[PDB]
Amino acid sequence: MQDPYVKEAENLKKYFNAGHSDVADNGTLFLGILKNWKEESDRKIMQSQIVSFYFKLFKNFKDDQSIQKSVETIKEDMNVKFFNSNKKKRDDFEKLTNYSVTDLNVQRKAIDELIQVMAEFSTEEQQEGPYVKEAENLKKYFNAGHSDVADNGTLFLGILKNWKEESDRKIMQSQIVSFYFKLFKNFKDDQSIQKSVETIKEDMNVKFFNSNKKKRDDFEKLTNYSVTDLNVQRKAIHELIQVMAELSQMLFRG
């Protein structure tokens, strides 16, 4: 498509001076990584990250009067193109991108479902073996068996059952994986559990990316871009239009 979003996206570009030089340097943020992937299931893994990225960015502009309107327009158009007008999807997505990685309850509930989430990645058949031993250690280290964690509603498993198409599952999985990696990163120092973490991490890296390293790299590269870096924001605003496409006297207003 190409009609409403393009005008607003153009306004954004000038508001942040996204067309300058400083931003036209240091390679691209998203476009490049988007090219290395043609399979649809793949692009969704990357796109899911890029969309959640922009939504985070847009949320910082929601109050700016001069640009707000353009943002709501781009935001909704994106919402339609990406989720294909499926509200139930956009909802589960947002529900995933909004869980707090810090809430002690959420952390424990995540660790609980870890093993079943680990199983659901297998687009077909992908054994038990290793990880399960470590995932079991986690489940007890955090008491993820108690009624505090095993009470009402699930974090991931439920949202995961609502989606059978692969392309779809990838969108949700992309978020669930980036979530776990962010969680594991907080345990990296804890002696009692670190080993198990690396093991779970690595095994998850294999199952989800199908041992493809270039993919796991491009994935991590996306999840590590800082949403706060002024430079990153501008270069993001820059590429917005092209990203919307393949998804089918200084700065700030004079």
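A residue's number is simply how far along the shown sequence it sits, counting from 1.
Colleague: Do any residues of the deposited sequence lie unmodelled between residue 248 and residue 249, and which range holds their number: none, 1 to 3, 4 to 9, or 10 or more?
Modeller: The entry leaves 10 or more residues without coordinates here.
Colleague: Taking the recorded C-alpha temperature factors, which stretch has the higher mean, 154-162 or 177-185?
Modeller: Averaged over C-alpha atoms, the B-factors run higher in 154-162.
Colleague: Of the two stretches 12-20 and 226-234, which shows the higher Cα B-factor on average in the entry?
Modeller: Between 12-20 and 226-234, it is 12-20.
Colleague: I'd like to know which of 125, 92, 77, 103 has the highest C-alpha temperature factor in the PDB entry.
Modeller: Reading the PDB entry, the winner on C-alpha B-factor is 125.
Colleague: In terms of CA temperature factor as recorded, identify the highest of 109, 169, 133, 87.
Modeller: Each of 109, 169, 133, 87 was compared by C-alpha B-factor; the highest is 133.
Colleague: Going by the recorded CA B-factors, say which third of the chain residue 193 sits in, lowest, middle or highest.
Modeller: Tercile = highest for this residue's CA B-factor.
Colleague: Taking only the Cα B-factors deposited for this chain, tell me whether residue 149 sits in the lowest, middle or highest third.
Modeller: Its C-alpha B-factor belongs to the highest third of this chain's values.
Colleague: Quick check on the deposited entry: does the C-alpha B-factor of residue 199 sit in the lowest, middle or highest third of its chain?
Modeller: It falls in the middle third of the chain.
Colleague: Pull the Cα B-factor of residue 59 out of the PDB entry and bin it into the chain's lowest, middle or highest third.
Modeller: Answer is lowest: the recorded C-alpha B-factor places it there.
Colleague: Once the chain's modelled residues are ordered by C-alpha B factor and cut into thirds, is residue 97 in the lowest, middle or highest one?
Modeller: According to the entry, residue 97 has a C-alpha B-factor in the chain's lowest third.
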